[PDB]
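First, one chain by itself: the form deposited in one PDB entry, in structure tokens.
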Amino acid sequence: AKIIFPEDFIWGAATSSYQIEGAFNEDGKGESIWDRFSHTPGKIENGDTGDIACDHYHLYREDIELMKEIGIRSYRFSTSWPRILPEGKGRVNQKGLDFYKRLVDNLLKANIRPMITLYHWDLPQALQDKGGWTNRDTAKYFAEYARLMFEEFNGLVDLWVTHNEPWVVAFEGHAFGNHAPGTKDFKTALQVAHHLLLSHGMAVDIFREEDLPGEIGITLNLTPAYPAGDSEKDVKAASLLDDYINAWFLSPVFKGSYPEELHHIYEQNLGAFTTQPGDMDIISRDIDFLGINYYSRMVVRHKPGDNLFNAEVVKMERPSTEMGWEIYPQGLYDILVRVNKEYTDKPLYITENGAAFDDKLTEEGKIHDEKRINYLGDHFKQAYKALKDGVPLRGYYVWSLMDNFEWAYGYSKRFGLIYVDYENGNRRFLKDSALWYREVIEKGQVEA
């Protein structure tokens, strides 16, 4: 037919260390802020924790086989800093490294390509006991932990991602305080944001220095923003929102500056966050690819306004996912061709896209997840289009490989290609979407 992708397009799926591994205190692993946040009453839906999750730490071999079965060509996973360096610094917990050495090794022997995400949110709680990310030191320790892992997987691991979604880490975790470490101080969020960006660059410096065979990049969450009404008071009010999530990390990375309008209104109202001459040079070291997480677009309407933009986000009623996320596949086209136009020529990876539906497990272990199938197809076709015009899209990682711990929502939301029956064997069922996806990869083509 048509809509056939490059033959060596990297089709993959993604997970995260805290969300799937479990074994939270097992084998010398140290306490993370997510362990903390989790065991704090009132933080997670239904009082869920990552304490066991999918028991991936123990079932990883089964999981590779399940990957093999879906036929994915790359697997994006997160590497737990506290499990490897329990204090964040100092002594290396060997048994924790061995785990990932084992994982990688199965991945390679099954001809699946590892892409490792260095920091997927699970900061060691001992670093949080110094400032956490408001402490410059944390950036320095991140780099060292980054160095450790480069050295270890030198010949083995090919694609590296320093950070997953700095924006949310910063704002969700230190502004609105419904992610670890749970703080609520917009000022400290701005500082955290700056130190994440910093540590990123430091890591990419160490990368080049160590001279590992692969390519390094970073994963930002982009969400295009658009004006509700025709108002000029809306356009201006959406540009803000957009720069507040997107330009605010894109610019420092690719252009070596924060976005001035916002930079200025921040400093106006709150203070200055402490920079340090030559920081913006570290932040914008040359990288080899950008990684993009997309789920939806936002509609912004001017309306004063407890905040200072002074905007609000309009709930639509388009069809939506179980998270309440407006399904709107073309926005993904827009945003891909946009990053390419305004920010970088470097190759692009969709490192996260997917949706949660209200899955029902059939008595014979079947899960006919039609809605998911459609959602994936829709966004899959949009990527094809971006590909069909300028953009150097190299791969697409479906969130997620399996159902897992949806942070504050806990296990109430299932994003998997594989359905996970926690309460039972913690046993795994391939959804229809998984099997449908096996075909998209093999035949090399989706289908409208």
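A residue's number is simply how far along the shown sequence it sits, counting from 1. The term rigid core refers to the maximal set of C-alpha atoms that superpose within 1.5 Å between the two forms.
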Which class describes the count of deposited residues lacking coordinates between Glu317 and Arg318: none, 1 to 3, 4 to 9, or 10 or more? 1 to 3
If you average the CA temperature factors over each stretch, which comes out higher, 356-364 or 302-310? 302-310
Per the entry, where is the mean C-alpha temperature factor higher: 385-393 or 53-61? 385-393
Among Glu152, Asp205, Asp288, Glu322, where is the Cα temperature factor highest, going by the PDB entry? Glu322
From the list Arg147, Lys346, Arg136, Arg113, select the residue with the highest C-alpha B factor recorded in the entry. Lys346
Taking the chain's C-alpha temperature factors as the reference, tell me which third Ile84 falls into: lowest, middle or highest. lowest
Lowest, middle or highest third - CA B-factor, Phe171: middle
Among the modelled residues of its chain, the C-alpha B-factor of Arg428 falls in the third labelled lowest
Could you tell me which third, lowest, middle or highest, the C-alpha B-factor of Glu215 occupies within its chain? middle
Give the position of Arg372 by CA B-factor within its chain, expressed as the lowest, middle or highest third. middle
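What comes next is about the form deposited in another entry, which does not appear here.
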Which one of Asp211, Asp286, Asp306, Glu363, by Cα shift of 2 Å or more between the shown form and the other one, core superposed: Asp306
